[PDB]
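For reference, the structure is listed below as structure tokens.
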Amino acid sequence: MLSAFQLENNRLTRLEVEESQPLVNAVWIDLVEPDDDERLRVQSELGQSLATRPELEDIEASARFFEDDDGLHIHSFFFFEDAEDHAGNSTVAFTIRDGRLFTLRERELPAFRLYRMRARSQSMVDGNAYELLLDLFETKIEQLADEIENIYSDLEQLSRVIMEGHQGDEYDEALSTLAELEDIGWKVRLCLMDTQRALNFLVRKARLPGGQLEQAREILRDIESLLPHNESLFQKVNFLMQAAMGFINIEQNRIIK
Amino acid sequence: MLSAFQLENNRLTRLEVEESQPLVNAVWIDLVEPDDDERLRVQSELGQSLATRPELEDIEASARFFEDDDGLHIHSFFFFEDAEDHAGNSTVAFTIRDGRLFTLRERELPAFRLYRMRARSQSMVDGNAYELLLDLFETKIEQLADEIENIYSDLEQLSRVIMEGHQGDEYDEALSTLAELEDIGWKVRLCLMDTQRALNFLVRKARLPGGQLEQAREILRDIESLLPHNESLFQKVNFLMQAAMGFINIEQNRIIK
Amino acid sequence: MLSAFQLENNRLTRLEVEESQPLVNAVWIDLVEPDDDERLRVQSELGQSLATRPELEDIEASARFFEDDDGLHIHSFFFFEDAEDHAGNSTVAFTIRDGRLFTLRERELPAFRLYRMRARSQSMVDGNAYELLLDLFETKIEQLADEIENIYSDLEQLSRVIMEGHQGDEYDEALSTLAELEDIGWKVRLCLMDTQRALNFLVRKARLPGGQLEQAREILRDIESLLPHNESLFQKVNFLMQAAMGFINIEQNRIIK
Amino acid sequence: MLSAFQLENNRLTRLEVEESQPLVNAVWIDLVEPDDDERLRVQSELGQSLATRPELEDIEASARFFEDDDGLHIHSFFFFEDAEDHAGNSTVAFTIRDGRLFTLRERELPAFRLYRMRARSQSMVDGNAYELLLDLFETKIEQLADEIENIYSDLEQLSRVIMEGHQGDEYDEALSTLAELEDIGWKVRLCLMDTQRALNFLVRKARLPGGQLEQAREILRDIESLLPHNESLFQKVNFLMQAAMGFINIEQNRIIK
Amino acid sequence: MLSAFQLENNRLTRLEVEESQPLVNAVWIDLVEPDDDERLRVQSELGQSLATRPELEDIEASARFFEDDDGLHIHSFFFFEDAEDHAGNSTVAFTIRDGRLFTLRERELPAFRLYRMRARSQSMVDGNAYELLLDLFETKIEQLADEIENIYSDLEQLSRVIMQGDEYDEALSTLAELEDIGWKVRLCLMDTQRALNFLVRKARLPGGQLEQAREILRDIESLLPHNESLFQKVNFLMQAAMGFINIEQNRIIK
Ligand SMILES: [Mg+2]
Ligand SMILES: [Mg+2]
Ligand SMILES: [Mg+2]
Ligand SMILES: [Mg+2]
Ligand SMILES: [Mg+2]
Ligand SMILES: [Mg+2]
């Protein structure tokens, strides 16, 4: 799946690619699960080699944040929910070269789907690959903050089930919920920590235009403010786990009598 | 619910608003669950758009602490107890523009009720929106310190109940109490951490008059001194939880014999 | 209970007060649970208002370490054991004004009782309110170190009971002891952390004579050296708790067979 | 087992040693479980004493990272899996002297086997003992990152077994798996922490050619980026352990009824 | 028990003290559980008052690392095993005054026995009280590292045991014994670290000694993390075992 976009008065406009062949006009090429036809197309029409599937699995800093003849690379985790409502992080490879952004990903993602909806009716400022990459990160952070906001309200409800329920039915269900919330928080944190590394890397490496620099700093400031929330949930979740076991042991004593 | 206040020799005096229409004389406009009539009134009489309900839910730094054409914004958690004695944090949107403070909130709050009682018979110093915002924060911290002081004495009593035990139904009751105290501490900490971000933001952003700057620093110094107390209570609470489970297991062994 | 002391060749000498009325000659006035007669006496004979009972309950920094027209104030936790051998921390309000020290406290305290015994036959160096305040702190630290030393030996003995006992009688008793030791350590730590704040405050605030400054630094160095011991005991205590539960579960399995 | 290598246009080429005796041409001598014949050979043909078996067991810094008349020594843990699929760390003694690298090890190791396979068809840059040592470390890190990547996917699967399963068969198996994953992470961390010390030592000690210095820094940057992942897995593992016990206690209550 | 040593070409040689009375020639006086005769002897023959029994119990920095008219004092924990193989830390009072080292201790200790064995047949470098004190510390650290090395291999074996029986009472006991050793090893390290930081700032240590002290500090910095790593493992194993016991209990009930 190849989509391509070009700039028209600081507005991202979707190029037609199946028909209008010239990719050279694009500022952003976005690949989703691309076949070897789409990869070869990008290879010949632009200069661009793209990361292979197994190289997006690598977690080492030097494998994720680096510069080479193929440009500036940032591999970042993006958060999503699979078909059965289970959280995950999918790695996305960002590459910037000759003022163009390339995004390569294994799947559809809510930050991208959201950015693209908005991009249809919203001007960029400086209008360049770096602003665009940071815009995708801004959107990612906005969505992680929503996730956290939801863990809070779910944990609030679940806290009351744990104080007020005693049946076994309500309690199997409670530990499962707790475990699902821990997992989301955990994945959210991986997502934040990685974005944070990525942004620190760019601040030191790219000659980011000054408008971009402030933007990146704003994003770093948001991450600094969400991480503590993450840690706060893990304390609550662990405490609730402990309390439940307490209630189960008390119940068991009742039963034995 | 719209209340408005004005200054008379550095004393906050309540304006009559249902009758005396001129709001322009007010230094502080305080809205509680305002209908669209009250919002429109503020909009036309002063320049002021106010945050919507869903924007007070956003927890990201950039959504809470920011400057724009509508002024300087600080969204801060305030602590309260709902009808059934369950702790919570309610977000309050502070806005300062043209030397006036606007507070927008979802509910009545004890810090506000307390500040207002005192404001009746107590002079301000410099007499301005920034002092006023910091006064509300001073008051908030004073109350969070009281909360913590109370968790201490409650935990002290509950500690003794747990050493006797010697179980039914003194022990169901003991874990419930523990769990209520953990939750208050937890919510107190969120409240402190957020006030701390807000105050760090203001120290860097507003041209705070020097009298205000010291005031802000004093409040930050207090938060620095309360956070450790918070962390201390979690250690105790977690240990007590562990001990109780110990006593329950010992009891269970007795029963089985 | 009002006692007063005066200096005679750098020696603190108890000046009889029921008879010899002139309090002006005293360097140190020490009140324990003073009635309104003793408070009024200090108020009229010296310039001195004294903190009320509820103000000694406040735990925020600005309520404990501050300067005002009534002088320099330090409120510090002191460690003690109540009638039923339960550890506690009692707040003592220190005030220095016009070269005189005022101590106000709710109860007898072992540091004070000890300092006073020694003061009968021991010269001070510079002979002033600040030295005197730091001497009381030195004594406090000496006693907290003794507490910790004792938690170690008690925990050593209890460690052996936990490996070698199996009866239920010996194990109720073991968890209780553990819980008692955790509580002492916990209260010791609060006592240290607070003294540490107090001393940091003085180092920056009072024009401490240079002999006093070194003294304060020595005390801070001691606290830096006791805090780690405190943290070490919590690890042990927690581990022992876990082991005991292990033994109880093993025992329970034996019983069921 | 003695292997030796020499440089030919920055390409490591395996010398024949059973036949072609001259070892003086080698840049790298690699010993695996060497007999006293192979040790004596290295001793006489080059100047080189080699660490004894018990000296590779010493874990203090001064025993692992040091310079002496026999050259520059680095003893580093390398990760492996024994015959029964149990993780372990084997110490390898690196020595550099007169532009030659000596590696002494107790066993075959996957980093070495991998480096050697690649070395057959891949040019070095500067072509020296220090580059070579850092290449082996680069390889080691690449493999530790693979390990961590695998703990993640295994923990992902195991997380779902723990939420969905009730049978005892699936749960014995689940704790065992958890315990195996904890042990790998644990050993991976020891391996990283030690490599980190080693590289910090070299950065301060060897006159590393500038191309090597950047290489070492790149490796340090990767370790800084993997350690947090390690800590993240322990939190998950510990939580899952707790949850499982919860489910077992719930099951036990069912059984008793 | 009074032993005394003197220097002969940078070699520590044991003086005869029951017979050859002159103590003034000694560089190192080592007392173990000394009676008031041996204390008075040191008091009169040299200038030296020695710490009392209860003052070696004090754990406050100011009670352990300090300078006064009786010289430079360092009280440090040393690791040992009592008669029933139970780990402990015994405080040793080091005092340096007029180029002489005094050690006062409650008991025999393996670092001291080891140092003395070696001191027979091994030259010192600069040959002074400060080198001698640091040599005793070097030896102490060498032994703590051995302890940790052993907790590792024991924990490795015990890990496998933990993956019906009488084997499980035994396993928790072993775990608890290993936790205790690690714990005591840490106390020993943390204290030595405080002592060495104190000396670096306080004594006019000759430059050869300064590097020596820094080497020792570097070793401690490298052992402490190992200590913390073992507690994580030990705590986890404890948790796992309880898991297995609960699973077993469920089997039984069925
Ligand atoms: Mg890889
Ligand atoms: Mg949102
Ligand atoms: Mg636990
Ligand atoms: Mg208060
Ligand atoms: Mg050794
Ligand atoms: Mg003492």
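A note on labels: chains of the structure tokens are A, B, ... as shown, every chain counts residues from 1, and ligands are counted from 1 in their shown order.
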All residues within 7 Å of ligand 2 are required, counting only C-alpha atoms and all ligand atoms; please report them as a PyMOL selection string.
(chain A and resi 142-143+145-146) or (chain B and resi 58)
Could you please extract the residues within 10 Å of ligand 4, counting only C-alpha atoms and all ligand atoms, and hand them back as an NGL selection string?
(:B and (139 or 141-149)) or (:C and (54-60 or 63))
Create the file for the chosen residues now, containing N, CA, C and O atoms and written as a compact mmCIF listing (two decimals), in the first residue's frame.
```txt
# COMPACT_ATOMS: atom_id res chain seq x y z
N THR B 139 -3.72 27.65 49.77
CA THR B 139 -4.82 27.07 50.49
C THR B 139 -4.97 25.60 50.18
O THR B 139 -5.13 24.79 51.07
N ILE B 141 -2.57 23.62 49.20
CA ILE B 141 -1.49 22.89 49.87
C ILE B 141 -1.77 22.72 51.37
O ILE B 141 -1.55 21.66 51.92
N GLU B 142 -2.24 23.76 52.02
CA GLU B 142 -2.57 23.67 53.43
C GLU B 142 -3.54 22.50 53.72
O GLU B 142 -3.46 21.87 54.80
N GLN B 143 -4.44 22.23 52.77
CA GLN B 143 -5.47 21.21 52.95
C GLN B 143 -4.92 19.87 52.65
O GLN B 143 -5.20 18.94 53.38
N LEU B 144 -4.11 19.75 51.60
CA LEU B 144 -3.42 18.50 51.35
C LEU B 144 -2.53 18.09 52.52
O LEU B 144 -2.38 16.91 52.81
N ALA B 145 -1.97 19.05 53.23
CA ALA B 145 -1.13 18.74 54.39
C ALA B 145 -1.96 18.22 55.53
O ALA B 145 -1.54 17.38 56.27
N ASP B 146 -3.15 18.77 55.68
CA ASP B 146 -4.10 18.29 56.65
C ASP B 146 -4.51 16.85 56.32
O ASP B 146 -4.54 16.00 57.20
N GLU B 147 -4.83 16.57 55.05
CA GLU B 147 -5.13 15.22 54.61
C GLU B 147 -4.05 14.24 55.01
O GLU B 147 -4.36 13.15 55.50
N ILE B 148 -2.81 14.61 54.77
CA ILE B 148 -1.72 13.72 55.05
C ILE B 148 -1.61 13.54 56.55
O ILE B 148 -1.50 12.41 57.03
N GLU B 149 -1.68 14.63 57.30
CA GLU B 149 -1.67 14.56 58.74
C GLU B 149 -2.71 13.59 59.23
O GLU B 149 -2.48 12.85 60.18
N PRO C 54 -2.34 23.31 68.27
CA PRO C 54 -2.60 22.86 66.90
C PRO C 54 -1.54 23.25 65.86
O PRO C 54 -1.52 22.64 64.79
N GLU C 55 -0.72 24.28 66.13
CA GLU C 55 0.30 24.71 65.18
C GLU C 55 1.50 23.79 65.19
O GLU C 55 2.33 23.87 64.30
N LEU C 56 1.63 23.00 66.23
CA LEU C 56 2.71 22.02 66.28
C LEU C 56 2.36 20.74 65.51
O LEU C 56 3.19 19.83 65.42
N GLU C 57 1.14 20.67 64.98
CA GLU C 57 0.66 19.53 64.22
C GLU C 57 0.92 19.73 62.73
O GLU C 57 0.85 18.79 61.95
N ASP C 58 1.22 20.97 62.34
CA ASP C 58 1.39 21.29 60.93
C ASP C 58 2.76 20.77 60.47
O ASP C 58 3.75 20.85 61.19
N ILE C 59 2.78 20.15 59.30
CA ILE C 59 3.94 19.39 58.82
C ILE C 59 4.62 20.00 57.59
O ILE C 59 5.75 19.67 57.28
N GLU C 60 3.91 20.88 56.90
CA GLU C 60 4.53 21.61 55.81
C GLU C 60 5.70 22.48 56.29
O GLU C 60 5.71 23.05 57.39
N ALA C 63 5.37 25.94 57.82
CA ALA C 63 4.76 25.96 59.15
C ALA C 63 5.72 25.55 60.26
O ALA C 63 5.45 25.81 61.42
```
Return as JSON, numbers by chain the full set of residues in stretch 14-205 of chain D whose backbone-based DSSP assignment is strand (DSSP E).
{"D": [14, 28, 29, 30, 31, 32, 65, 66, 67, 68, 71, 72, 73, 74, 75, 76, 77, 78, 79, 80, 81, 87, 88, 89, 90, 91, 92, 93, 94, 95, 96, 97, 100, 101, 102, 103, 104, 105]}
Show me, as a PyMOL selection string, every residue of chain E with an atom at most 7 Å from chain D, counting only C-alpha atoms.
chain E and resi 145+163+218-219+222-223+243+247+250
Report the distance between atom CA of residue A:97 and atom CA of residue A:214 in Å, rounded to one decimal place.
21.6 Å
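The closest residue to residue E:32, picked from E:121, E:48, E:90, E:76 and counting only C-alpha atoms, is E:90.
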DSSP on the backbone: what in stretch 23-242 of chain A comes out alpha helix (DSSP H), as a PyMOL selection string?
chain A and resi 36-45+61-64+110-119+129-164+168-205+210-242
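Proximity to ligand 1 was assessed for A:64, A:164, A:20, A:126 counting only C-alpha atoms and all ligand atoms; the smallest distance is recorded for A:64.
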Nearest-residue call for chain D, choices A:173, A:224, A:131, A:37, using only C-alpha atoms
A:173
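For the set B:254, B:195, B:112, B:240, the residue with the smallest atom-to-atom gap to ligand 3 is B:240, counting only C-alpha atoms and all ligand atoms.
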Counting only C-alpha atoms, what is within 9 Å of residue C:174, bar same-chain residues fewer than 6 positions away, as a VMD selection string?
chain C and resid 158 161 to 162 244
At a cut-off of 12 Å, using only C-alpha atoms, what residues contact residue E:201? Leave out same-chain residues fewer than 5 positions from it and give the result as a PyMOL selection string.
chain E and resi 65-66+194-196+210+213-214
With only C-alpha atoms and all ligand atoms as the basis for distance, which of E:38, E:230, E:61, E:236 is at the shortest distance from ligand 3?
E:236
Just how far from atom CA of residue A:188 is atom CA of residue A:4, in Å to one decimal?
29.0 Å
So, counting only C-alpha atoms and all ligand atoms, which residue among D:46, D:225, D:140, D:185 is closest to ligand 1?
D:140
